[PDB]
Amino acid sequence: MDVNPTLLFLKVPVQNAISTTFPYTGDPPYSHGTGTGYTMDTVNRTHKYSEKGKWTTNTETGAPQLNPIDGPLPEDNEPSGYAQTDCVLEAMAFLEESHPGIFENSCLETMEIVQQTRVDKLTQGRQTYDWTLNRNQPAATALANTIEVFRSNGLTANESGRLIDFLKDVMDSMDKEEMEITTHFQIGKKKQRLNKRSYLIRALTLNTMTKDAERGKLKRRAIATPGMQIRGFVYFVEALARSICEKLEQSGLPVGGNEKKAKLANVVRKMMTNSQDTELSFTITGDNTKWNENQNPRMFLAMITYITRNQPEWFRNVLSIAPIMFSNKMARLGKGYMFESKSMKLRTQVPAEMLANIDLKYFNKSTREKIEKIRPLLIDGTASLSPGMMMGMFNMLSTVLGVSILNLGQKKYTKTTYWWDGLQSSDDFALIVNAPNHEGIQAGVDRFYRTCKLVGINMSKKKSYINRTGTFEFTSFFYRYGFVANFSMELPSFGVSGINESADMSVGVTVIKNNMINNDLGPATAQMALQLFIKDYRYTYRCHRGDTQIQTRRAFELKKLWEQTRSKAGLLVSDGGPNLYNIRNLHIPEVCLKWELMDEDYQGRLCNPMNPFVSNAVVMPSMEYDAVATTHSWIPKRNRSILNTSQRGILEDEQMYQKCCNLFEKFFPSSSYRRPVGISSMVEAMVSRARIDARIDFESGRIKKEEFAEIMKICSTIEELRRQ
Amino acid sequence: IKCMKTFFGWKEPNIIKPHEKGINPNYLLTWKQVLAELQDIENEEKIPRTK
RNA sequence: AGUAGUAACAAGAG
RNA sequence: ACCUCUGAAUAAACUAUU
RNA sequence: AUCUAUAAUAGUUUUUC
Ligand SMILES: [Mg+2]
């Protein structure tokens with residue numbers, strides 16, 4: 001008998017065994033070399049989707065720009081970016097007419113957000129494309145470099161600390177004739211002076227790379243990293259789009275998890291109830307083909323212009339900057355290529371900046387065609403990409419556009435016997451169509467498809483299907499008269515997370531508990547998951563039981579600790595103790611779970627604030657998944673690859689930054705608890721605080737006049753040093 | 308080493324199905340080197356964690 | 001050779 | 001050639017925990 | 001009855017010929 005696991009679906013409905021279709025136990029696919037090929041493919045495809053548009057040369061950067069707006073109406077079902085501006089404006093108008101006041105109230109909330117947001121909002125995130133180095137940097141590091149460069153060039157409006165003032169500084173930098181930077185090499207500092215067009219090309223540039231560890235995709239794809247100049251504008255536009263989306267029932271963003279599932283189920287059931295019993299109902303499990311390569315920044319500018327009608331001019335300008343910068347964007351080509359000589363047995367890296375005027379004999383046929391197609395667009399080492407939204411940006415504004423198209427499906431707008439509605443999340447959608455008969459269903463689907471074509475939305479025919487309402491798929495959630503559990507999606511979360519011993523134990527037990535609550539993880543499987551996690555935890559951290567003879571480097575110390583302990587159950591698993599977790603106590607931290615079983619001296623050593631592994643007191647170092661800090665809350669080593677580069681002065685600079693920050697925290701105790709705000713310098717703020725505190729201590733008699741005078745003398749000395 | 312000692316019948320190794328793209332005598336030499344170094348670690352009266 | 005798959009590793013840098 | 005260093009951080013939303 | 005704290009970390013979701 002040949003074993004056929006797929007035959008299980010003959011009796012178990014596919015949604016009820018959907019976990020079997022996710023092979024998430026093996027390693028995900030990765031990208032090995034460069035991303036230049038994928039980036040060039042994306043640029044060529046984006047320009048191909050708009051090839052019948054109008055070509056212009058940008059007067060400020062010189063980049064050729066393709067404009068598909070108001071292009072010819074398509075005659076086939078191929079993807080295209082020929083969105084009609086009047087159709088988009090009419091969709092926005094009807095969305096506003098069906099939900100009166102949505103844009104006005106969203107604009108009020110966004111005005112409050114714009115006026116109140118601080119500059120350090122930009123540090124939230126992993127990487128930002130640093131134009132001063134032509135590569136990705138940590139968001140805080142990129143922001144610090146940009147601020148230092150702006151200060152050296154007399155652009156100091158960001159000293160207010162507000163994000164909008166930083167955006168004003170960006171706008172002012174756009175008008176500087178020359179921007180100066182500083183470069184390091186093999205470690206001295208050199209000044210480089212960009213010109214206006216060079217800086218403008220750098221500021222409009224988004225970095226590109228490949229996406230690693232992506233599930234369900236046979237082929238790799240390119241992704242983007244926004245630069246420092248555009249991040250604030252994108253944040254403000256997305257804040258407005260979020261305010262709009264919060265007021266829309268069809269929106270799939272920004273609600274996630276159980277709240278999202280409940281909202282979607284309620285919306286679907288409301289649609290079912292509003293449907294007459296004497297009419298057919300069909301749901302479309304729909305995807306869109308190349309949503310971000312067909313949507314145009316000019317249409318987003320039009321949407322923002324319609325949304326911000328009757329608003330103050332400054333608000334309209336600050337919202338409009340982002341689509342304007344996105345319609346003049348450049349794309350970094352990437353690493354380039356590597357060339358291999360078989361006879362001479364050598365390999366070499368070809369930078370992407372040489373692809374403008376490199377001989378085409380080296381490349382193969384497909385890459386040569388890519389380079390030939392993209393060479394007219396190449397400028398200053400980047401590619402001109404006017405059409406398209408690059409990658410994972412303006413998702414909620416895309417949701418707004420999709421919801422407007424869905425909203426166009428009321429009977430007041432269709433003006434016929436059919437109507438539609440559904441769900442929208444960025445580009446993914448689900449559509450419910452009602453009609454007296456099948457002809458009406460076909461007509462409604464056709465009208466939805468053609469309206470989407472008008473606004474530049476192409477429904478992926480090969481990835482969409484339609485059936486009677488009751489089952490659909492939306493944003494990887496499988497609905498079979500209700501959302502079903504999908505355990506395989508959370509399966510990679512089980513295991514040793516890799517923070518430290520205490521945090522990893524907490525993560526393991528919390529993941530088991532959360533999957534019991536949410537993903538229908540049964541009690542027996544929860545116990546087995548706990549056993550497997552304990553096994554992996556003991557193997558990973560070399561913390562097997564003391565009464566075992568697993569030969570590790572740590573086994574002798576654990577044996578010694580086990581021998582001298584009286585109450586073995588009190589030892590943590592990190593110390594070789596037993597596992598006391600079961601279903602009933604998954605929610606309890608380990609140190610608290612076995613606190614009363616510990617020896618007094620072992621407990622005193624474990625929870626000793628004067629231990630070197632963690633920076642009547644308690645152990646404190654950012655204590656995620658670590659309720660009680662012990663000696664097991666240590667911090668692993670950082671990567672040392674930067675010591676071989678020219679950026680190794682950043683280590684000394686950050687050491688001095690940490691020193692100054694800790695000294696400041698010595699003056700403002702609440703600084704760590706809540707982020708301090710202020711335009712004054714650190715030394716000035718500290719001196720003022722010291723003076724007021726010394727005066728108060730003298731007044732209340734906590735210190736004597738001699739100490740007050742000494743503090744005043746030291747403050748005067750610091751003031752003297754401050755100027756010089 | 309103990310598992311190897313539990314088997315009697317070790318003949319002189321010879322190639323049965325060769326690797327068509329590789330150098331099979333290198334594989335034979337690799338196996339013989341493995342046997343030789345197993346004997347070496349067996350004869351050093353202190354078996355280490357790694358070889 | 002092998003891994004692997006639209007580009008790489010099969011050490012790199014000083 | 002010895003020697004020395006090093007083992008590699010997309011976006012957005014969400015979820016979990018602190 | 002209502003109910004997006006702030007921040008940090010990790011995880012999850014988001015494909016043309
Ligand atoms: Mg979908």
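In the order they appear, the protein sequences are chains A and B. Numbering (UniProt numbering) for the first sequence: 1 to 186, 205 to 633, 642 to 647, 654 to 756. Quick note, in UniProt numbering, the second sequence goes up one by one and the last residue is 358. Quick reminder that beta carbons are idealized off the backbone N, C-alpha and C, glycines included.
Of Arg468/A, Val525/A and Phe740/A, the smallest CA-CA separation from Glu78/A is found for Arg468/A. Distance from the CA of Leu550/A to the CA of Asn603/A, rounded to the nearest whole angstrom, comes to 17 angstroms. In the structure shown, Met171/A falls within a helical segment according to DSSP collapsed to helix, strand and coil.
Leaving aside the five residues that flank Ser720/A on each side, the residues in its chain whose CB is nearer than 8 angstroms to its CB run, in chain order, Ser712. Short of 6 angstroms from the beta carbon of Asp172/A, and not among the five residues preceding or following it, lie these beta carbons of its own chain, in chain order: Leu155.
Cβ neighbours of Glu267/A within its own chain (closer than 7 angstroms, five residues either side excluded): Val285. If you check the C-beta of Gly304/A against ligand 1, you find a heavy atom less than 7 angstroms away. Between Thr34/A and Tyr355/A, the C-beta spacing is below 8 angstroms. Pairing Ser511/A with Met362/A, the inter-Cα distance amounts to about 47 angstroms.
Annotation: the continuous alpha helix (DSSP H) that includes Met523/A extends over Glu519 to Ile535. Runs of the alpha helix (DSSP H) spanning 4 or more residues and lying entirely within the segment 283-359 of chain A occur at 309-312, 315-325 and 331-345, in chain order.
Three or more Cβ pairs closer than 8 angstroms define a contact, and the segment 519-530 of chain A falls short of that threshold against the segment 473-491 of chain A. Shortest Cα-Cα distance from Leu298/A to any of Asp305/A, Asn306/A and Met289/A involves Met289/A. Annotation: the continuous alpha helix (DSSP H) that includes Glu684/A extends over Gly681 to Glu697. No residue range can be given for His605/A, since it is assigned to no alpha helix (DSSP H) and is classified by DSSP as neither H nor E. With distances taken between CA atoms, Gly594/A lies nearest to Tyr555/A out of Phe254/A, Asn335/A and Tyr555/A.
Excluding sequence positions up to five before and after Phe381/A, its CB lies within less than 7 angstroms of the CB of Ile389, all in the same chain and listed in chain order. For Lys312/B, the uninterrupted alpha helix (DSSP H) run begins and ends at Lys309 to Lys312, by DSSP.
Distance from the CA atom of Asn136/A to the CA atom of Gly125/A, rounded to whole angstroms, is 12 angstroms. DSSP places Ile241/A in the uninterrupted beta strand (DSSP E) bounded by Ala240 to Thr243. A straight-line Cα-Cα distance of about 6 angstroms links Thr57/A and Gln65/A. Burial of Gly53/A is indicated by the presence of at least 16 other C-beta atoms within 10 angstroms of its C-beta. Of the candidates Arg211/A, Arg465/A, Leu395/A and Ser404/A, the residue whose Cα lies closest to the Cα of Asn425/A is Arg465/A. Here the alpha carbons of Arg260/A and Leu163/A stand approximately 18 angstroms from one another.
For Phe492/A, the Cβ falls inside the 7 angstroms cut-off from some heavy atom of ligand 1. The segment 313-333 of chain A and the segment 501-515 of chain A do not touch, with fewer than 3 CB-CB distances between them shorter than 8 angstroms. In the displayed model, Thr123/A falls within a helix according to three-state DSSP. By the Cβ-count criterion, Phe357/A is exposed, with fewer than 16 other Cβ atoms from all chains shown falling within 10 Å of its own Cβ.
Annotated three-state conformation of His184/A is strand, per DSSP.
As DSSP reads the structure, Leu364/A sits in a beta bridge with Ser359/A.
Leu395/A has its alpha-carbon roughly 12 angstroms from the corresponding atom of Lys347/A. In this structure, the CA atom of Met321/A is about 50 angstroms from the CA atom of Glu519/A. Going by C-alpha positions, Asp2/A is about 13 angstroms away from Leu8/A. With at least 16 other beta carbons inside 10 angstroms of its own, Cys561/A counts as buried. Rounded to whole angstroms, the separation of the alpha carbons of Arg45/A and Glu371/A is 21 angstroms. For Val252/A, the three-state secondary structure derived from DSSP is helix.
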